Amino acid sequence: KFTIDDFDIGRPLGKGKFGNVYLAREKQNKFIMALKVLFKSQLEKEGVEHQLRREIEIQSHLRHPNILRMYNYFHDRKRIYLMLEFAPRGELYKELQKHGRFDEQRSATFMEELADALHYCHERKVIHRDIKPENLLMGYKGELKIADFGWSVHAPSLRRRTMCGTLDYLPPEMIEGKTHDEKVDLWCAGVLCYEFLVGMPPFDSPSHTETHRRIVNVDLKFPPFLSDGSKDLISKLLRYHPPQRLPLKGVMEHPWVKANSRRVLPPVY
């Protein structure tokens, strides 16, 4: 089993309120990865032990080119260490903020990768529930990587009740206190596509109540610069009725995705 002395620590990559992430190189294979370091005492005091356990269980069992890999994990006297795939191009949200909005090629590519990753999750009855730019990282060739599974759930049989995710991304069914299923991720994919292309989420408002109102009315107002193809896809995802939302296979097959995506699969061993 691994210990911290099996790794050369390179530099901090990010800071959290439970620990830190470092660029690290495991000495044996000279293999560069990220190490997320969490403090056992802080996790217990905050009462998030079962929460972290769930996140680890879900992510450690997923193997997909557009899902950040968790290679393994270990612990010592004070700390829990997660061995994670390093995403060389970093935060997707930072890239979006830098550019303001993404072009159609970039956005369609991300949408294909997202739909593929989410399909993989849904095949295993894992619902993500918090798709947004801030939860996505980028690989060596700019490939989308779902990086966080904080609101995720393995939901084999029962519909879910938990309101979760992020204000601007919440599906109508959550706001209305209905049960939800995997189709929440479909809705969030639509919001994401809109934000990619526009640089702001579709239901942006000064108050939580007005945002809620816009979401449940699907008060969608497309900017004039958007292509018919992109509006078609967004409109097909942002449906009030979950069963009417375009399936993930449908997103991958959508003509706008086909015409604009430049997706490349990473080399495999």
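Throughout, we count residues from 1 along the sequence that is shown.
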Higher-scoring stretch by recorded Cα B factor average, 92-100 or 106-114: 92-100
Comparing 23-31 with 210-218, the one whose average Cα B-factor in the PDB entry is higher: 23-31
Candidate set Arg79, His128, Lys183, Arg161 [ranked by C-alpha B-factor, highest]: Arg161
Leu233, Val48, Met200, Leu62, ranked by C-alpha B-factor: the highest one: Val48
B-factor third for the C-alpha atom of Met174 within its chain: middle
Cα B factor band for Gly142 (lowest, middle or highest third within the chain): middle
Chain thirds of CA B-factor: placement of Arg239: lowest
CA B-factor ranking of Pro133, expressed as a third of its chain: lowest
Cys188 - Cα temperature factor, lowest/middle/highest third of chain: lowest
